Amino acid sequence: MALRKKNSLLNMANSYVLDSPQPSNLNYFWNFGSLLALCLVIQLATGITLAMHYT
Amino acid sequence: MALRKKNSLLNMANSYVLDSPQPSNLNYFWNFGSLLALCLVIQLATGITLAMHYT
Amino acid sequence: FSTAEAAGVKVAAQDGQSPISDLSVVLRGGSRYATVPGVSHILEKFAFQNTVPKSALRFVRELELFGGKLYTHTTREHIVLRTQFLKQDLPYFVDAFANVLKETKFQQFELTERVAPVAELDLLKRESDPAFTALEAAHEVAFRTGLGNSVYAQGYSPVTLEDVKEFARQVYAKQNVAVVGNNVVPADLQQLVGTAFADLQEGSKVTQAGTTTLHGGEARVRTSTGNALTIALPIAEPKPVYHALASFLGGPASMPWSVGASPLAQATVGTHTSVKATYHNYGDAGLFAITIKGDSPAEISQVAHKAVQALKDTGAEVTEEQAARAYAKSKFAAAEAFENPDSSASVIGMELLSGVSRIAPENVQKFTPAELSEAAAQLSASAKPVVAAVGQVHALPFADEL
Amino acid sequence: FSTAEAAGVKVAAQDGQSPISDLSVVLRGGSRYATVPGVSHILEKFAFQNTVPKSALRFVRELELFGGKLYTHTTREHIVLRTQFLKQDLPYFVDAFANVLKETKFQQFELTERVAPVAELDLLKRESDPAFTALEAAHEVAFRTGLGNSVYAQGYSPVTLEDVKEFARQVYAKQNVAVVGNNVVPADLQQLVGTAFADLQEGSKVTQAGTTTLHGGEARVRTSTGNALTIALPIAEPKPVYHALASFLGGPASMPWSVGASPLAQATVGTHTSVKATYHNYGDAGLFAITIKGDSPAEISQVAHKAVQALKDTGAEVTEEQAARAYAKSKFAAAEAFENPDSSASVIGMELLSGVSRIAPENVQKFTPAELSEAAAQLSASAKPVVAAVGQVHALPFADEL
Amino acid sequence: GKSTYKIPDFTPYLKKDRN
Amino acid sequence: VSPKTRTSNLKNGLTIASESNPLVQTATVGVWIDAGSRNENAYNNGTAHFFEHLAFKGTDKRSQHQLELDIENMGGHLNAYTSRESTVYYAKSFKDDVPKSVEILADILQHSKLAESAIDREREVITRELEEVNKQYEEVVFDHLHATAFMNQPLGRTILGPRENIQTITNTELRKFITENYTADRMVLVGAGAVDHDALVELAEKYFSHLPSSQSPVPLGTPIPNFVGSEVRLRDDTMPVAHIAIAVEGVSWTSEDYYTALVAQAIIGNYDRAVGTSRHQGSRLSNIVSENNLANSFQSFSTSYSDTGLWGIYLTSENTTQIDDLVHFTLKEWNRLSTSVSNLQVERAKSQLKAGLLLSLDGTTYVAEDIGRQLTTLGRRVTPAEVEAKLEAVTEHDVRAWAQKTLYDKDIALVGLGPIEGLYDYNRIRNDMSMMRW
Amino acid sequence: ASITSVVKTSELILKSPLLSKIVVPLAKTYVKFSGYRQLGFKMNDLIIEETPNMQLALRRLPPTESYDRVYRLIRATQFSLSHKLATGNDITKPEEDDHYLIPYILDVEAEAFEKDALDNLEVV
Ligand code: HEM
Ligand code: HEM
Ligand SMILES: CCCCCCCCCCCCO[C@@H]1O[C@H](CO)[C@@H](O[C@H]2O[C@H](CO)[C@@H](O)[C@H](O)[C@H]2O)[C@H](O)[C@H]1O
Ligand SMILES: CCCCCCCCCCCCO[C@@H]1O[C@H](CO)[C@@H](O[C@H]2O[C@H](CO)[C@@H](O)[C@H](O)[C@H]2O)[C@H](O)[C@H]1O
C-alpha cells in the first residue's frame, strides 16, 4: 500500500485533494470553491500582515 | 444505525470523545492531555478578551 | 371430517368445541409434480406474497389484529397452507386463501429479495440435522425422478420466475385444491368457499411426468456437520403392514433417559447413536427406511450391522407379544398423526385430492406374527437396497457391506 | 537408463548431449500408501520447505542463481520431485534433495500458512476441469480405499502436522526412494548420491493398508462449473492389451479442427463434446475409463450411449487395418510418455521401486484383431461398471441406463 | 475455578437495598 | 367455547383436574408437582433432576426392563421435566390405555427403587450432560441469566447442580427430597383429551391414595428474591453468532400486573429472519432490526415464578460490528413503553394476545400443560372469559405506569455469549434504560 | 416530491378531456425545450436517485435495463464534458423515451406509504 493511503495524516489530505473521486463533467462554475479558498488564504496573509502594523 | 455513527460530522466527535476505545487501566497521569486542552481553551477565552482591551 | 363439494372445490370440515380453528388449503403441488427442481418449495414460499387485492404487508398487519398465525410446508405430495385463528374470523381467512390462489402477482423482486432467501434459510436449517439429509438422499437414489426430485430448492438449480409462474398456473386450480377445516362449522365453510373460490380456474389434475421406477444404489454426501446413514428399501407394492413393521422395529425411546425395548433401540446399546424406522406410502410406491445418526462413524457402522440383522431376525420369527406391541404402537402413531394439525391436514388432503379413503386410528389393522415376519422377510431380501451416508463418508458402511 | 545402486538407494541415469539435466527423486509415497486422506499431496507440497541446513528462502534464492526450476507432483503411486538445471550444477541439486529427505523441519506454521493454502489452490485449479473431477470420482467408487483414496488434499478432511510427520518418517527412507537422472553422467551421479544419501534412514517398504478390492457403482458430484461423465471399468488382471484398446478407441483428434477417425471420436459428431479413453495400470488392478465432457448434459447423454455401443461393437470385430492403427497409436503414446520428463521419471521410478521392467516403445506388442476384440468383450461384459457424473447430475445418465 | 454458573463472590460490595 | 375443566380433591389433598375432548382419540394424563430445583439447598442442588433420571430406572415391582416393556405395550410414551419451580411427569396414550398409564405414573413416583447401583450408573450420565448443554446456546444464556439476576439465591441455582454434588448425591438424600416435596397437597393429577373425569378420580383413589401429606398444607402456588443488576460476558470469538439476553425483574404469577407485563412484551414481540412474514410485522423494533439487518432473531419473554419474574428479550445476531446498534435500538424501544405508548400499540397488542393465549392450546399435551401450570401456580384454571376480561382491563395508562415502575431507569441483568466484543460495558447499556430527552 | 404524487396528479389531468386538451400539447413542448433527449437520456434517467426508495427501485431493474441505463449515463456525461450534443442514433427518439423505472419506483413507494399508514392504525 502507497504511503499516501497508509499514513493517517497523509490519507486525509489524499482523500480531499488528490484521490478524491470527482464527477468527470464539472464545468467552470465548480471552480468558485477553490477561488473562495484562495480568497480566504489571501485575506489571512494580508490580514495578519496588516495586524502587525495597525493600532 | 445510531445517528452518532451514521452522520459524518457527529461520527468524528463520536470517534474521539465518546466511542473512542481506551485501555481500561489508564492512571491519573493520562489526565494531563485533557488538562492541556482545558488550558488551551482558558488561554483562548482570556486571551481574546484581553485583546479586546489591549493596545 | 364431513367431505363435501363447494363450487367444484372439495371441502372437509369437522366442527368442534374450541375457540381456535385451523383452515388449511391442500394443493396437489408437491415435489413429485414439480416441473423444475425446487419449484414446489418456492411456490409454497410465495404464498401470502403480494396479491392484487391485498399486499403481503397489509395481510400480515391484519392477521396480527386477528392474532392469526400462518404455517406452510411442502411435501413430496402436497403443498399445505394452514392458518390458525379464532373461530369467528373464518370469512377473512377464506377470502385470503382465495386471493392467494386467484390473484398472486408473482413479481421478480419478491422472488429475488423475499422468497428465494427464505427458502434458502429453510433448507439450511433442515440440513443442520444430518439424518434429514440422509433420508432426502435416499429418496433421490431410490426413485431418481418424481418422488426422487428434491423437495427443497437448492442454489445449484436456480428456480426462475417463469418456472414458478408456470407451475402455479397448473397448481392453483379447482382440480388441485382441497380445503380442510378443523373446528370449523361444515355448513358455514361450504357457503364461504362456494362464494370465494367460484372464479378459480378449473384447470386439470397435475400429474407426475413419468411413472415411478425403483432403483437401488448409494449416496455419499460429504459434510463436516455430523454423521448419519439411511438404509432404505423401495417398496413396489405399498401395503399397510409396513406401518406395523416400522413401529415394531421402532428405534426411539418411549420414556426419558432410556434406550427402549424395540429391536432397533437395543441395537444402539453402548453408543451415543439414535435410530428410527420410517415407512412412507406414496400411493404407487413406498419407502421403508432405517436412519442412524451419531457423532462417531465407527459407532454408526457398528449399529448399522446390528440394524440389518434385527430386520433379518424379524424375518425369521416374531412372538405374539411383539405383534401386539406393534398393533398398539401403530394405532397410537396413527392417532397422534390425525391430531397434529400439520399432518391432519395432509391426511384428509390425500383423501380429498387423491381418493384414498383415510384409515381412522380405530380401524388400524391388527397383523399376526406370520404377516409381520413375512413383510420383514420381503425387505431383507430386496434386490434394490439403498444406502445414503452423510458426514465422514470414507468411514461409513457401503451397501454391499450390509 | 543404466540402473545401479548407491549406498542402498537405486539410481538410474542416462547421459545425453544437452546442457540441461533433470534430476528426479521418486518416492513410494503416492496416495495409495497414504495413512490419512491427502497426506501424500501435503508431503509433496512440503518438499523444499525449511530444512535444518538451508531455509526455504535461501534455497529458492540460490536456485534462481543457477536458473534451476523445481517441479513436484503426486500420483496414486508416487511423489515425484524434479529439478531442471544446467549439467554442471549437479552436486548442488543432489545435496538439496538429501537435505529435504534427511532434515525437513516440519513446522506447524509452514503447514498453516504455506503448504495447506498452496495445496488448496492446486486442487481448485485442477477441478476447474470437470473431466478431472469425474475421473477422480470414478477411482473412488471403483477401489474405495488404496487406489480409491483421494490424491489431493481436501478441505473436508484436514491433514495435521502429526499426520504429515508420521507419513514422512515412513516415506523418506532408503527403501522408498529412487533417483532418476536425465542427461546426467551415470558414474558421477552414483558417486554423489553415494555420499549425500548415506545417512538417510533405511526404513521399510511402505505398503497399502488392505488389498485392492474392485467395486462397481455411481458417483454424482453436483457442480455448477461444467459437465462430464466417466464410464470406468475396473480391471482385476491388468494386461498390456488395454493400452492398445485405449489408443484404438481413442477420442482426441490427430489434426486441428477435425473430429478424428477413432470410434469414440466419431461418437461426438454434431456435438461440442470431447471424449478420451484412458487405461491406468496400477500393478495389481487397472482402470479403463472413457470420459466425456461438454456443456450440454443432453449431448453428453447422447454421446455416452454411442460410446458404450462403440465398445460393444469393438467386442464384436476389429479389422486388420484397425489393429495396425492401434499398434501405431500405442507405440507413439509410449514413446512420447518416455520423453515428457514428468512421466519419464515415474516410469523408471516404477522399474526401480518395484521390479516391473519398463516396456520400451520399441518393444510395444502388436495385438491381432482377435486379441483386441477379446479384450473389448471382457469390458462390455464387466460385472462392476462405474459411472461418475459431474455437473447437472439430474440430467446425466446412470449406470443401469448404459 | 471451573463452573461459570457459580457467580464469583460480590458480597463485600453488594448493597442489600439495591432495588 | 371450550368444555369446562372439572376439578376434584382426594382425602390426602391430591387435586384431580380434567378437560375432556370427545373429538380426539388420545389422552395425556400426568402429575404436575409444585416443587422443583428451588426446593433444594446448596448441598443437595441437583437432586430433583437426579430423581427424574432414576424414576425410570425401576420400581419395587417392575425392574428397569419390565418398565420399558410395560410402556412399549401401552403404545404411547412417558415424559418428564424438572424446572426451577415445577416438575411434570406425564403419559400420552390411547383412550383406553389410561388406566395403565395412571398405574405406571403412580408406581414410578411412590415406589421407586433408587438402588445404589443405579445411582452410581446415572452419576456418569448426568456428569456427561454438564458438558453437552454447552451446545444449547439459548439454554446456556438463560441459565447464566438466572444465576446472575438472582445471585446466591435459590432461583439462581442451576437445575443440574454442580459437578461436586452429582458425585455425592446418595439414595438417602434422594429419598428425603421426594418425601418432603412430592406430597399430595403439592400435586395435581391432570387428564386432557379422551378422559372421563369420574374414571380418572377412581384411578386416583386406587393408586395415589397412600401419598404422604405435608405437615403444613399451604394452597397451591404459594412461594425472598432480590434481583441483582449485573452482567455475565462469555466472549467466544470462534462462535459466528452472538447471543444476548437482557432482563429486568418482572412479575409473579399472581401479580396484579401479570397481564400488563404480557401486553408490554407483545408490543415489542418476536422477530425471526427465517420466517417469511417477519419483515412485515408491526412492532417498531421488528422494523428497525429487519431494515438494518441487525439480528437474526429476537424473542421477548416474560418468565414468572411464585414470587418474582424476569422480563426481557433474547437476541441473536451475526452482525458483530453493529451489536451496539442492536442493543441501543432495543433499549430505546423499551423506553417508549414508558414515554410514548398510546392506545394504538396497546390495542394492537391486546388483539394479538386475546388469540395468542388460546392458540397455544393445540393438542392434548398443551392443554394438559395449561391445566397443570395454572393449577400449580394460581390454584385454579382461569376460564377464557376471565382471561379475556383481564386483558380488556389493560389500558395504555396501565402499560405506561407499569413500564415506568419496572423498566424505566432500572438495573438490568445482561448476558452475552459469543463474539460480543462490540457489546459495550454495563454502564453504557444501562444508560439506555432512560432517555435524556424525556 | 414523490413519484407517486406526480403519477396520480398526471392521471387526474389525463382523465379530464378539457385539461388534457390544454396540458398535453404544453407538456410535449416542455419536453422538447428541456432538451434532455439531445444528450441521449430517457426522462427517467433524470430522476434523483440518492434516496433509499430510489436505490431500492434501481436494484429491482432487470439486468439489461440496468446495463443500458449505465451506458446512457456514461455517454451523457461524456457529451456534457465535451460540450457536444448527441447526434444520429444517440438522440433519444420520442418512441424510445419509455418509463422503464416508473413501475419499480411506484411499487417501492406503494409499500413504503402503506407501511406509514399501517404504523398509524387504530383498532376500532
Ligand atoms: C475573511 C477574511 C477577511 C475579510 C473578508 C476581511 C475584510 C476586511 C475588510 C472589508 C476590511 C476593511 C478594509 C479597508 O477598507 O481598509 C478589513 C480591514 C482589516 N482587516 Fe480584514 N478581513 C479578513 C480577514 C482578516 C484577518 C484574518 C485579519 C487578521 C488580523 C484581518 C485584519 C484586518 C485589519 C488589521 C484591518 C484594518 C486595516 C485596514 O483597513 O486595512 N482581516 N478587513
Ligand atoms: C497558548 C495560548 C497562550 C499562551 C500560552 C499565552 C501566554 C501569554 C503570556 C505568558 C502573556 C504574558 C502575561 C502577563 O504577564 O501579563 C500573555 C499576554 C497576552 N496574551 Fe496571551 N497566551 C496565549 C494565548 C493568547 C491568545 C489566543 C490571545 C488572543 C489574542 C492572547 C492575548 C494576549 C494578550 C492581549 C496579552 C497581553 C496582555 C497581558 O499581558 O495580559 N493570548 N499571553
Ligand atoms: C481540504 C484541505 C486538505 C486537508 C484535508 C481536509 C481535512 C479534512 C479531513 C478530516 C476528515 C476525515 O476525512 C475522512 O477520512 C477518510 C480517510 O482520510 C476518508 O475515507 C475515504 O478514503 C479512504 C482512502 O483514501 C478509504 O479507506 C475510505 O473508504 C474512503 O471513505 C473519508 O472519506 C473522509 O471523510
Ligand atoms: C478531540 C477533539 C474533538 C473533535 C474530534 C477531532 C476532529 C477531527 C477528527 C476527524 C479526523 C478523522 O478521524 C477519523 O474519522 C473516522 C470516523 O470519524 C474514524 O473511524 C473509526 O470510527 C468509525 C465509527 O465510529 C469506524 O467506521 C472506523 O472503523 C473507525 O476507524 C477514524 O478512526 C478517525 O481517525
Side-chain angles (χ1 to χ4, degrees), chain C residues 135 138 230-254 260-267 275-292 307-340 343-344 346-347 350-351 356-382 385, chain F residues 25-26 68-77 92-97 100:
Chain C
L135 183 64
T230 296
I231 304 157
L233 315 148
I235 314 294
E237 305 148 319
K239 281 145 76 194
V241 64
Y242 300 99
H243 279 303
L245 186 76
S247 31
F248 170 61
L249 291 177
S254 51
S262 96
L264 284 183
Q266 280 293 323
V275 181
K276 175 74 187 263
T278 325
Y279 163 70
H280 314 269
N281 191 306
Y282 297 115
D284 62 328
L287 190 85
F288 193 97
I290 295 173
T291 309
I292 302 156
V308 189
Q309 194 51 64
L311 178 67
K312 292 152 76 51
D313 296 334
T314 300
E317 233 245 335
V318 287
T319 79
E320 191 58 68
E321 187 234 357
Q322 281 176 330
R325 162 153 36 118
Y327 171 59
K329 286 232 258 156
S330 65
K331 246 213 278 205
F332 179 74
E336 70 186 325
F338 192 56
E339 280 136 30
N340 167 54
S343 39
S344 185
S346 65
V347 159
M350 187 66 83
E351 175 195 69
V356 191
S357 152
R358 68 162 177 276
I359 307 299
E362 47 246 84
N363 287 326
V364 159
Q365 202 182 344
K366 204 202 150 293
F367 293 101
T368 64
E371 290 174 296
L372 263 152
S373 50
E374 167 261 317
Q378 202 178 351
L379 282 193
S380 286
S382 75
Chain F
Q25 267 238 288
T26 261
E68 261 155 20
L69 269 153
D70 284 320
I71 290 144
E72 233 94 14
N73 277 290
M74 257 210 323
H77 59 272
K92 206 171 163 78
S93 62
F94 215 74
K95 171 190 177 180
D96 41 38
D97 282 319
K100 281 166 205 59

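By convention in this document, chain letters (A, B, ...) are assigned in the order of the sequence lines, proteins followed by strands, and residues within each chain are numbered from 1. Reckoned from all heavy atoms, side chains included, excluding hydrogens, waters and symmetry mates.
Between the C:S262 side chain and the C:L249 main chain, a donor and an acceptor come within less than 3.5 Å of each other. The closest donor-acceptor contact from the side chain of C:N363 to the backbone of C:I359 lies at 3.5 Å or more, if one exists at all. Remark: side-chain polar atoms of C:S330 are not paired, donor with acceptor, to backbone N or O of C:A244 under 3.5 angstrom. The backbone N or O of C:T314 sits nowhere less than 3.5 Å from a side-chain atom of C:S373 that would complete a donor-acceptor pair.
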Run the side chain to side chain contact (heavy atoms under 4.5 Å, CB included) test on C:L379 and C:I235 for me, step by step, so that the C-alpha distance in whole Å, both residues' side-chain angles and the decisive distance to 0.1 Å come before the verdict.
CA-CA 8 Å; C:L379 282 193; C:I235 314 294; 3.2 Å; yes
Given side chain to side chain contact (heavy atoms under 4.5 Å, CB included), test C:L135 with C:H280 step by step and report yes or no.
CA-CA 11 Å; C:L135 183 64; C:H280 314 269; 3.8 Å; yes
Give the C-alpha distance, both sets of side-chain angles, the deciding distance and a yes or no for side chain to side chain contact (heavy atoms under 4.5 Å, CB included) between F:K92 and C:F332.
CA-CA 9 Å; F:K92 206 171 163 78; C:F332 179 74; 4.1 Å; yes
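For the pair F:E72 and C:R325, the salt-bridge criterion is not met [side-chain N within less than 4.0 Å of a carboxylate O]. No salt bridge links C:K239 with C:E371; every basic N to acidic carboxylate O contact stays at or beyond 4.0 Å. Under a 4.0 Å N-O distance rule, the pair C:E320/C:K366 qualifies as a salt bridge.
Shortest non-hydrogen contact noted between C:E237 and C:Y242 is O-CE1, 4.1 Å. Closest heavy-atom contact between C:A265 and C:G251: CB-O, 3.5 Å. A pairwise comparison of heavy atoms in C:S343 and C:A337 identifies OG-O, 2.8 Å as the closest pair. Residues C:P385 and C:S382 share a closest heavy-atom pair of CD-O, 3.7 Å. Scanning both residues, C:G286 and C:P238, for their nearest heavy atoms gives N-CG, 4.1 Å. The shortest non-hydrogen separation linking C:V364 to C:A334 is CG2-CB, 3.9 Å.
Note that CE of F:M74 and CG of F:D96 are 11.5 Å apart. Values are rounded to the nearest 0.5 Å. Interatomic distance, CD of F:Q25 versus CZ of C:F338, reported as 9.5 Å (0.5 Å rounding). Distance check: C:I231 CD1 to C:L311 CG gives 9.0 Å after rounding to the nearest 0.5 Å. Note that the OG1 atom of C:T278 and the CG atom of C:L287 stand 8.5 Å from one another [nearest 0.5 Å]. A distance of 11.5 Å separates NZ in C:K329 from CD1 in F:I71, rounded to the nearest 0.5 Å. Taking CG of C:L372 as the reference point, atom CD of C:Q322 lies at 9.5 Å (rounded to 0.5 Å).
For the pair C:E321/F:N73, a side-chain contact is recorded, criterion being any heavy-atom separation below 4.5 Å from C-beta on.
No side-chain N or O of C:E336 forms a donor-acceptor pair with one of F:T26 less than 3.5 Å apart.
Between C:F288 and C:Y279, the ring-plane angle classifies as tilted under the 30° and 60° cut-offs.
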